[PDB]
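This is entry-v4.txt. It holds compact mmCIF, C-alpha atoms.
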```txt
# COMPACT_ATOMS: atom_id res chain seq x y z
CA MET A 1 0.00 0.00 0.00
CA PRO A 2 1.42 3.39 -1.07
CA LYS A 3 2.42 5.62 1.85
CA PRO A 4 0.77 9.07 1.85
CA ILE A 5 3.11 12.04 1.76
CA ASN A 6 2.32 14.98 4.03
CA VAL A 7 2.82 18.36 2.38
CA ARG A 8 2.60 21.96 3.49
CA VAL A 9 2.20 24.80 1.02
CA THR A 10 2.29 28.45 1.98
CA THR A 11 1.16 31.44 -0.05
CA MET A 12 1.97 34.99 0.99
CA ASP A 13 -0.92 34.91 3.50
CA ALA A 14 -2.17 31.34 3.97
CA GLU A 15 -1.05 27.78 4.64
CA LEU A 16 -2.41 24.54 3.22
CA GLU A 17 -1.74 21.14 4.79
CA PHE A 18 -2.81 17.90 3.15
CA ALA A 19 -1.53 14.52 1.96
CA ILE A 20 -0.56 13.47 -1.55
CA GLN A 21 0.36 10.05 -2.96
CA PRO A 22 3.61 8.59 -4.31
CA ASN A 23 2.23 8.92 -7.86
CA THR A 24 1.04 12.51 -7.40
CA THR A 25 2.47 14.81 -10.08
CA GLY A 26 3.59 18.40 -9.60
CA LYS A 27 0.63 19.50 -11.72
CA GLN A 28 -1.81 17.61 -9.50
CA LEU A 29 -0.34 19.20 -6.39
CA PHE A 30 -0.31 22.61 -8.10
CA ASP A 31 -3.95 22.26 -9.22
CA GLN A 32 -5.09 21.35 -5.69
CA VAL A 33 -3.41 24.48 -4.34
CA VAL A 34 -4.85 26.93 -6.86
CA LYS A 35 -8.33 25.40 -6.61
CA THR A 36 -8.27 25.66 -2.81
CA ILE A 37 -7.45 29.37 -2.96
CA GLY A 38 -9.61 30.12 -6.00
CA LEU A 39 -6.70 31.34 -8.11
CA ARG A 40 -7.14 31.00 -11.88
CA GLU A 41 -4.39 33.22 -13.34
CA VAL A 42 -2.05 30.30 -12.83
CA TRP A 43 0.47 31.18 -15.56
CA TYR A 44 2.34 33.56 -13.21
CA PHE A 45 2.84 31.09 -10.39
CA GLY A 46 4.86 28.07 -9.30
CA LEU A 47 5.73 26.01 -6.23
CA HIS A 48 9.23 26.50 -4.85
CA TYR A 49 11.13 24.07 -2.54
CA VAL A 50 14.61 22.99 -1.42
CA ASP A 51 16.03 19.72 -2.76
CA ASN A 52 17.76 16.97 -0.78
CA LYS A 53 21.10 18.58 -1.64
CA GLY A 54 20.17 22.03 -0.31
CA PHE A 55 19.28 23.76 -3.59
CA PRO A 56 16.25 26.05 -4.10
CA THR A 57 14.23 24.54 -6.94
CA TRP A 58 10.96 25.22 -8.73
CA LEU A 59 8.68 22.16 -8.80
CA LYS A 60 8.19 20.50 -12.19
CA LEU A 61 4.51 19.96 -12.97
CA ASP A 62 5.22 17.00 -15.24
CA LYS A 63 7.08 14.78 -12.78
CA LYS A 64 5.91 12.91 -9.70
CA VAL A 65 6.50 14.99 -6.58
CA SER A 66 8.12 11.94 -4.95
CA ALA A 67 10.61 11.86 -7.83
CA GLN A 68 11.94 15.42 -7.57
CA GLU A 69 14.25 14.85 -4.62
CA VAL A 70 12.42 17.22 -2.30
CA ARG A 71 14.19 17.60 1.03
CA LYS A 72 13.12 14.72 3.26
CA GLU A 73 10.97 16.03 6.09
CA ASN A 74 7.47 15.60 7.45
CA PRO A 75 5.72 17.51 6.00
CA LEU A 76 7.40 18.40 2.70
CA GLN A 77 7.65 22.21 2.48
CA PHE A 78 6.58 24.25 -0.56
CA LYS A 79 6.14 27.98 -1.19
CA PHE A 80 3.52 29.11 -3.74
CA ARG A 81 4.87 32.35 -5.28
CA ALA A 82 4.80 34.37 -8.51
CA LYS A 83 7.58 33.19 -10.81
CA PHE A 84 6.75 35.65 -13.62
CA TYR A 85 5.42 39.23 -13.60
CA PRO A 86 3.11 40.97 -16.05
CA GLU A 87 4.63 43.66 -18.28
CA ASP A 88 2.04 46.15 -17.04
CA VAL A 89 0.24 45.29 -13.84
CA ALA A 90 -2.58 47.76 -14.58
CA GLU A 91 -3.56 46.29 -17.95
CA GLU A 92 -3.06 42.61 -17.18
CA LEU A 93 -4.08 41.33 -13.73
CA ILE A 94 -7.67 40.06 -13.57
CA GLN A 95 -8.52 38.58 -10.16
CA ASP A 96 -8.50 40.16 -6.71
CA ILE A 97 -6.63 37.13 -5.36
CA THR A 98 -3.97 37.40 -8.07
CA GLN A 99 -3.53 41.11 -7.37
CA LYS A 100 -3.28 40.46 -3.64
CA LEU A 101 -0.62 37.73 -3.95
CA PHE A 102 1.49 39.99 -6.20
CA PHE A 103 0.98 42.94 -3.86
CA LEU A 104 2.07 40.92 -0.80
CA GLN A 105 5.08 39.40 -2.55
CA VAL A 106 6.35 42.69 -3.98
CA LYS A 107 5.83 44.45 -0.64
CA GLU A 108 7.88 41.76 1.16
CA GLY A 109 10.74 42.41 -1.27
CA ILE A 110 10.62 46.19 -0.81
CA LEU A 111 10.45 45.98 2.98
CA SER A 112 13.38 43.55 3.14
CA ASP A 113 15.36 45.79 0.79
CA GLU A 114 15.68 42.97 -1.75
CA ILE A 115 14.12 45.51 -4.09
CA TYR A 116 15.70 48.96 -3.79
CA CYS A 117 13.16 51.76 -3.23
CA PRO A 118 13.92 55.45 -2.69
CA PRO A 119 12.61 57.19 0.48
CA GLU A 120 9.68 59.17 -0.93
CA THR A 121 8.41 56.23 -2.96
CA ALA A 122 8.89 53.92 0.03
CA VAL A 123 6.78 56.18 2.23
CA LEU A 124 3.98 56.65 -0.32
CA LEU A 125 3.86 52.87 -0.90
CA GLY A 126 3.68 52.42 2.86
CA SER A 127 0.62 54.65 2.98
CA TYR A 128 -1.06 52.76 0.13
CA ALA A 129 -0.39 49.46 1.94
CA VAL A 130 -2.01 50.97 5.01
CA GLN A 131 -5.09 51.94 2.99
CA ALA A 132 -5.25 48.37 1.64
CA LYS A 133 -5.11 46.77 5.09
CA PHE A 134 -7.16 49.22 7.14
CA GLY A 135 -9.56 50.75 4.63
CA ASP A 136 -10.52 54.42 4.95
CA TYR A 137 -8.80 56.25 7.77
CA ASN A 138 -11.21 57.24 10.54
CA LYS A 139 -9.96 59.38 13.41
CA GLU A 140 -12.58 57.81 15.70
CA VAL A 141 -11.52 54.25 14.84
CA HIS A 142 -7.81 54.57 14.08
CA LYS A 143 -6.63 56.17 17.30
CA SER A 144 -3.00 57.14 17.91
CA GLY A 145 -0.65 54.18 17.60
CA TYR A 146 -2.78 52.06 15.25
CA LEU A 147 0.34 51.69 13.11
CA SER A 148 2.61 50.55 15.96
CA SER A 149 2.72 46.96 14.69
CA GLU A 150 3.22 47.78 10.99
CA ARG A 151 6.35 47.30 8.92
CA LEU A 152 5.90 50.65 7.22
CA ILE A 153 9.19 51.20 5.42
CA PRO A 154 12.58 49.56 4.82
CA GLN A 155 15.11 49.96 7.62
CA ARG A 156 17.41 51.85 5.25
CA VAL A 157 14.85 54.64 4.87
CA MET A 158 14.50 54.88 8.64
CA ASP A 159 18.29 54.93 9.11
CA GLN A 160 18.78 57.99 6.92
CA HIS A 161 16.12 60.34 8.26
CA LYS A 162 16.23 62.06 11.63
CA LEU A 163 12.73 60.93 12.56
CA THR A 164 11.46 58.86 15.46
CA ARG A 165 9.13 55.89 14.98
CA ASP A 166 6.25 58.02 16.25
CA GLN A 167 7.06 60.70 13.67
CA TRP A 168 7.13 58.07 10.93
CA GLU A 169 3.70 56.90 12.09
CA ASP A 170 2.38 60.47 12.22
CA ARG A 171 3.55 61.05 8.66
CA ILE A 172 2.17 57.80 7.24
CA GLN A 173 -1.20 58.48 8.91
CA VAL A 174 -1.51 61.83 7.13
CA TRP A 175 -0.94 60.11 3.79
CA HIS A 176 -3.31 57.27 4.71
CA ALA A 177 -5.98 59.96 5.17
CA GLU A 178 -5.25 61.23 1.64
CA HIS A 179 -6.42 57.91 0.18
CA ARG A 180 -9.94 58.22 1.57
CA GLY A 181 -12.46 56.65 -0.80
CA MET A 182 -10.06 54.16 -2.38
CA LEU A 183 -11.18 50.52 -2.36
CA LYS A 184 -8.71 48.18 -0.68
CA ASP A 185 -8.23 46.25 -3.92
CA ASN A 186 -7.45 49.45 -5.84
CA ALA A 187 -5.00 50.50 -3.14
CA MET A 188 -3.23 47.17 -3.74
CA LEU A 189 -3.30 47.91 -7.47
CA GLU A 190 -1.94 51.44 -6.98
CA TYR A 191 0.86 50.01 -4.82
CA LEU A 192 1.83 47.64 -7.64
CA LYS A 193 1.60 50.38 -10.29
CA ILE A 194 4.01 52.52 -8.28
CA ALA A 195 6.36 49.64 -7.43
CA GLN A 196 6.56 48.42 -11.02
CA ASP A 197 8.55 51.55 -11.98
CA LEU A 198 11.35 50.66 -9.55
CA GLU A 199 14.71 49.82 -11.11
CA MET A 200 14.92 46.36 -9.53
CA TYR A 201 11.22 45.45 -9.77
CA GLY A 202 10.48 42.10 -11.40
CA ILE A 203 14.09 41.26 -12.23
CA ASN A 204 15.97 38.04 -11.57
CA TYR A 205 19.72 38.66 -11.41
CA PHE A 206 22.39 36.14 -12.31
CA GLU A 207 26.19 36.25 -12.14
CA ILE A 208 27.66 36.04 -15.65
CA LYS A 209 30.81 36.79 -17.60
CA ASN A 210 31.55 38.03 -21.11
CA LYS A 211 34.26 36.47 -23.28
CA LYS A 212 37.18 38.22 -21.59
CA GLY A 213 35.95 37.26 -18.13
CA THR A 214 34.50 40.54 -16.86
CA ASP A 215 32.11 39.92 -13.96
CA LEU A 216 28.62 41.17 -14.86
CA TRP A 217 24.98 40.60 -13.97
CA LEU A 218 22.30 39.25 -16.26
CA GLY A 219 18.82 40.60 -15.57
CA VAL A 220 15.89 38.53 -16.81
CA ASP A 221 12.43 40.10 -16.83
CA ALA A 222 9.07 40.30 -18.63
CA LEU A 223 10.44 42.89 -21.07
CA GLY A 224 13.72 41.20 -21.96
CA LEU A 225 17.36 40.81 -20.99
CA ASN A 226 19.52 43.48 -19.28
CA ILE A 227 23.27 43.57 -18.58
CA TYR A 228 24.61 45.29 -15.45
CA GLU A 229 28.13 46.08 -14.30
CA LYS A 230 29.28 44.29 -11.15
CA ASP A 231 28.62 47.07 -8.60
CA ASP A 232 25.41 48.59 -10.00
CA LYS A 233 22.25 46.48 -10.08
CA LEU A 234 19.99 49.52 -10.57
CA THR A 235 21.28 50.76 -13.91
CA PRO A 236 21.34 48.37 -16.85
CA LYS A 237 24.05 49.22 -19.41
CA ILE A 238 22.96 47.08 -22.36
CA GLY A 239 19.58 45.61 -23.25
CA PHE A 240 17.98 43.04 -25.55
CA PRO A 241 14.17 43.15 -25.70
CA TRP A 242 12.29 39.86 -26.21
CA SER A 243 11.08 41.16 -29.58
CA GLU A 244 14.61 40.72 -30.96
CA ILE A 245 15.19 37.26 -29.53
CA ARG A 246 14.43 34.08 -31.48
CA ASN A 247 15.51 31.37 -29.03
CA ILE A 248 17.62 30.69 -25.95
CA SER A 249 19.77 27.68 -25.06
CA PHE A 250 22.92 26.69 -23.19
CA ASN A 251 25.58 23.99 -23.01
CA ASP A 252 27.71 23.52 -19.89
CA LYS A 253 28.63 27.14 -19.11
CA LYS A 254 27.86 28.79 -22.46
CA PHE A 255 24.58 30.58 -23.19
CA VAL A 256 23.55 31.27 -26.78
CA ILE A 257 20.72 33.71 -27.55
CA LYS A 258 19.76 33.76 -31.25
CA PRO A 259 18.25 36.83 -33.00
CA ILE A 260 14.99 37.21 -34.92
CA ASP A 261 17.03 39.05 -37.55
CA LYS A 262 19.01 36.10 -38.89
CA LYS A 263 21.78 38.40 -40.15
CA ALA A 264 22.45 39.61 -36.60
CA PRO A 265 25.07 37.83 -34.47
CA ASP A 266 24.33 35.57 -31.51
CA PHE A 267 24.40 37.03 -28.01
CA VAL A 268 26.73 34.78 -26.00
CA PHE A 269 27.54 34.79 -22.29
CA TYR A 270 28.89 32.44 -19.62
CA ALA A 271 27.49 31.27 -16.27
CA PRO A 272 29.30 28.74 -14.06
CA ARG A 273 26.64 26.58 -12.36
CA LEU A 274 24.52 23.89 -14.04
CA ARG A 275 21.57 24.16 -11.63
CA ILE A 276 21.41 27.94 -11.91
CA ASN A 277 21.64 27.67 -15.71
CA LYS A 278 18.56 25.42 -15.90
CA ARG A 279 16.69 28.14 -13.97
CA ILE A 280 17.96 30.95 -16.24
CA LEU A 281 16.73 28.99 -19.25
CA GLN A 282 13.31 28.42 -17.69
CA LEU A 283 12.94 32.10 -16.77
CA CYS A 284 14.01 33.20 -20.26
CA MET A 285 11.71 30.87 -22.17
CA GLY A 286 8.86 31.55 -19.77
CA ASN A 287 9.13 35.33 -20.06
CA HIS A 288 9.68 35.09 -23.81
CA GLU A 289 6.59 32.92 -24.33
CA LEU A 290 4.34 35.23 -22.30
CA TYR A 291 5.72 38.25 -24.13
CA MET A 292 4.98 36.67 -27.51
CA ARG A 293 1.50 35.48 -26.49
CA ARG A 294 0.54 39.05 -25.54
CA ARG A 295 1.35 40.32 -29.02
CA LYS A 296 0.46 37.45 -31.34
CA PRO A 297 -2.69 35.70 -30.04
CA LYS A 298 6.45 53.89 -25.26
CA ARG A 299 6.39 53.02 -21.55
CA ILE A 300 5.85 55.80 -19.02
CA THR A 301 5.78 55.85 -15.21
CA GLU A 302 2.63 55.75 -13.04
CA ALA A 303 3.55 59.28 -11.95
CA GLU A 304 3.42 60.37 -15.60
CA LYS A 305 0.06 58.65 -16.20
CA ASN A 306 -1.39 59.70 -12.86
CA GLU A 307 -1.07 63.40 -12.07
CA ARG A 308 -2.23 62.93 -8.46
CA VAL A 309 0.37 60.26 -7.63
CA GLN A 310 2.98 62.50 -9.28
CA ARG A 311 2.10 65.36 -6.91
CA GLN A 312 2.08 63.03 -3.92
CA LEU A 313 5.61 61.85 -4.63
CA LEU A 314 6.95 65.40 -5.03
CA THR A 315 5.08 66.60 -1.93
CA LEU A 316 6.79 63.82 0.04
CA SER A 317 10.14 64.85 -1.48
CA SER A 318 9.70 68.36 -0.07
CA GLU A 319 8.44 66.96 3.24
CA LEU A 320 11.43 64.63 3.76
CA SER A 321 14.20 67.03 2.69
CA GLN A 322 14.74 68.66 6.10
CA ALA A 323 14.97 65.36 7.98
CA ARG A 324 17.42 63.78 5.53
CA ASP A 325 20.78 62.65 6.95
CA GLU A 326 23.22 62.96 4.03
CA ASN A 327 25.94 60.79 5.64
CA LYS A 328 23.63 57.76 5.83
CA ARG A 329 23.14 57.11 2.09
CA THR A 330 23.81 53.57 0.90
CA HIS A 331 25.58 52.56 -2.29
CA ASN A 332 22.23 51.99 -4.04
CA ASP A 333 20.97 55.35 -2.72
CA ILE A 334 23.96 57.02 -4.35
CA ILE A 335 23.42 55.30 -7.69
CA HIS A 336 19.73 56.14 -7.71
CA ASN A 337 20.34 59.80 -6.82
CA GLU A 338 22.89 60.21 -9.62
CA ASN A 339 20.48 58.72 -12.15
CA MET A 340 17.80 61.13 -10.93
CA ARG A 341 20.16 64.09 -11.10
CA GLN A 342 20.74 63.26 -14.77
CA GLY A 343 16.98 63.07 -15.40
CA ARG A 344 16.85 59.30 -15.92
CA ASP A 345 14.26 56.66 -14.97
CA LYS A 346 13.52 52.99 -15.63
CA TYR A 347 11.94 53.43 -19.06
CA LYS A 348 14.18 56.18 -20.41
CA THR A 349 17.13 54.02 -19.41
CA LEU A 350 15.59 50.91 -20.99
CA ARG A 351 15.11 52.70 -24.32
CA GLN A 352 18.61 54.18 -24.14
CA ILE A 353 20.41 50.85 -23.59
CA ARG A 354 18.37 49.22 -26.37
CA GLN A 355 19.52 51.57 -29.14
CA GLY A 356 21.91 50.50 -31.89
CA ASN A 357 21.68 47.24 -33.81
CA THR A 358 22.26 43.84 -32.16
CA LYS A 359 25.93 43.72 -33.19
CA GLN A 360 26.69 47.14 -31.69
CA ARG A 361 25.18 46.09 -28.37
CA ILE A 362 26.99 42.73 -28.40
CA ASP A 363 30.24 44.54 -29.19
CA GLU A 364 29.64 46.85 -26.21
CA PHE A 365 28.92 43.77 -24.08
CA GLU A 366 32.22 42.07 -24.95
CA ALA A 367 34.01 45.36 -24.22
CA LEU A 368 32.73 45.77 -20.65
```
Could you render the structure from this file as C-alpha cells?
Amino acid sequence: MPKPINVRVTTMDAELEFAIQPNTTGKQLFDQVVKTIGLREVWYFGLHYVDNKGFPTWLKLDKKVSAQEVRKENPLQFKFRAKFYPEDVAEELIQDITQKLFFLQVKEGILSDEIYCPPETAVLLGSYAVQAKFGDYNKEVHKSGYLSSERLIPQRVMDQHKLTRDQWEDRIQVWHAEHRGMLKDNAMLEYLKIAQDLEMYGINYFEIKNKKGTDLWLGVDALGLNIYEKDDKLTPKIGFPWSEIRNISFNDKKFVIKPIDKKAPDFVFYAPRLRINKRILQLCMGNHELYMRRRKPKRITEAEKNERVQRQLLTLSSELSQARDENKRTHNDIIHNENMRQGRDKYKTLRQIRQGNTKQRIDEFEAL
C-alpha cells in the first residue's frame, strides 16, 4: 500500500496542509493548491522548494512529486509564489486574489530591501499598503498608535532620516488619510503600479561573464534581458528586448541567444553553475513565451500617467528634505540619486540601452 506524503504549502498569506500520494504529479499538487485558494491566473505562479542537496528549486509539474528529490521532512515544504510578472500590472491582472498575492510578494521584497526603493516612494507605498489593510482612515476608529505593529518602510529609509518611529507613524497616517475613498483592492493595485517603476522590480539577477571574463549581472524580466556592471544592479548598461530574440539555449557554461534578424550575431555569455543555468533557461523561455503570447494571439511611469500620484511623490520629497541625513546614504541610494540628477528613470534608461543594432550592443557587451 502506497504511503501518503504529508505536504505543506504556503502562499503569501495562507497555509495549506494535506496529503498526496507517491504517484502525485507536480501539476496535480499545483492544481489542488490553486483550486483551494480560487486562483485561476495560474500562468504567473509556481511552487518552490529545497532539494535533498540544499538547492532552491521550482517544482516540475510534469514529474511525480516523490521523484523530484524534495528535502526529506514531514511535511514536505513548498512555497507558492509568482515566478513571472506581467509587463504592465494595470492592464493585465484580472482577479483580486492574483492582485493580492502579487501585492504581498512585492511588498515583502521592498520591505526587506531585496528591491531597492527610494525614500519618498517607500513612504507613499507604505501609505497605500495601510489603505489596503485598514480601509478608509477614521480618526474615531484609528486612534493614535494604530500603526505601531506595521512594517511601514525599509530599515534603510529609517536609518537615513532624523525621525522617530512616532514621527514616521504620524507622517504615514496623514498620507493614509489622503487615500480616503479608495477601495482596498485598488489601493493594492496602486501600490503595484508605483512599485513596477522601480529599477529592480520584477528582475531576476544572475552572475555572468563576457568572453574576456568581466564579472557582470544578467537581468531577466518580462520585457527582456539586461546587462549590469558588477557594482550597479539599478542601472542596466545594455539591453535586448524579447522582440529581438528568437531562441535561448545553453551547453555547460555557455549561453547562446539567437536573434529574430538572422543576419544579426548571436548574443553569447557564460554562467558557471549547471543548476542555476537550468533556472535561467526556464525564466528566459517563460518570459519570452508570455511576451509573444501578448502580441500574437512607449512606456511611461505611473507618476506620468497619474497626475495625483505624481504630486504626492513630489510633496513627500519636499516633506522629507529637512529630515534627511546625508551621511547615511547607501551605495544603491547614491546610484539612484545620480540617475535622478541626470533626469533618468527605468523606461528612459531601458530605451537608451536598447539603441543600436544587435551587433553594436553585443560589441559593447564584450568590451565591458
Considering all atoms listed in the file, can you say which of A:363, A:252, A:261, A:178 comes closest to residue 274 of chain A?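 With all atoms listed in the file as the atom set, the closest residue is A:252.
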What does the distance between atom CA of residue 359 of chain A and atom CA of residue 286 of chain A come to in Å, to one decimal place? 24.9 Å
Can you tell me, as a ChimeraX atom specification, what residues are no more than 10 Å from segment 183-199 of chain A when counting only C-alpha atoms, ignoring any on the same chain fewer than 6 positions away? /A:85-90,93,95-97,99-104,106-107,110,115-118,121-122,124-136,233-236,299-303,309,336,345-347,349-350
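Of the residues under consideration (A:50, A:82, A:271, A:158), A:50 shows the shortest atom-to-atom contact distance to residue 69 of chain A when counting only C-alpha atoms.
Distances to residue 31 of chain A were evaluated for A:218, A:19, A:200, A:61 using all atoms listed in the file, and the minimum falls at A:61.
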So that I can check the surroundings of residue 17 of chain A, please list as a PDB file with C-alpha atoms, keeping the file's coordinate frame every protein, DNA and RNA residue that reaches within 10 Å of it, counting all atoms listed in the file and ignoring chain neighbours fewer than 5 positions away.
```
ATOM      1  CA  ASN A   6       2.320  14.980   4.030  1.00  0.00           C
ATOM      2  CA  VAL A   7       2.820  18.360   2.380  1.00  0.00           C
ATOM      3  CA  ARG A   8       2.600  21.960   3.490  1.00  0.00           C
ATOM      4  CA  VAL A   9       2.200  24.800   1.020  1.00  0.00           C
ATOM      5  CA  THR A  10       2.290  28.450   1.980  1.00  0.00           C
ATOM      6  CA  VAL A  33      -3.410  24.480  -4.340  1.00  0.00           C
ATOM      7  CA  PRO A  75       5.720  17.510   6.000  1.00  0.00           C
ATOM      8  CA  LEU A  76       7.400  18.400   2.700  1.00  0.00           C
ATOM      9  CA  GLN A  77       7.650  22.210   2.480  1.00  0.00           C
TER      10      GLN A  77
END
```
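Distance-wise, atom CA of residue 176 of chain A and atom CA of residue 81 of chain A end up 28.1 Å apart.
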List every residue of segment 263-340 of chain A that has an atom at most 12 Å from any atom of segment 212-215 of chain A, giving for each one its closest atom pair and the distance in Å to one decimal, counting all atoms listed in the file, sorted by chain and then by ascending residue number, as CSV.
```
residue,atom,partner,partner_atom,distance
A:268,CA,A:212,CA,11.9
A:269,CA,A:213,CA,9.7
A:270,CA,A:213,CA,8.7
A:271,CA,A:215,CA,10.1
A:272,CA,A:215,CA,11.5
```
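By chain and then residue number, the residues within 8 Å of segment 57-60 of chain A are residues 26, 27, 46, 47, 48, 49, 50, 51, 63, 65 and 68 of chain A, counting all atoms listed in the file and disregarding those fewer than 3 positions away in sequence.
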Could you work out an axis-aligned box for segment 125-136 of chain A, taking every atom the file lists and adding 5 Å on each side, and report centre and edge lengths in Å to one decimal, as lines of an AutoDock Vina configuration file?
```
center_x = -3.3
center_y = 50.7
center_z = 3.1
size_x = 24.4
size_y = 17.9
size_z = 18.0
```
What is the distance between atom CA of residue 294 of chain A and atom CA of residue 205 of chain A, in Å to one decimal?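 Here the two named atoms are 23.8 Å from each other.
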Within 10 Å of residue 260 of chain A using only C-alpha atoms, minus same-chain residues under 3 positions, as a PyMOL selection string: chain A and resi 242-247+257+263-264
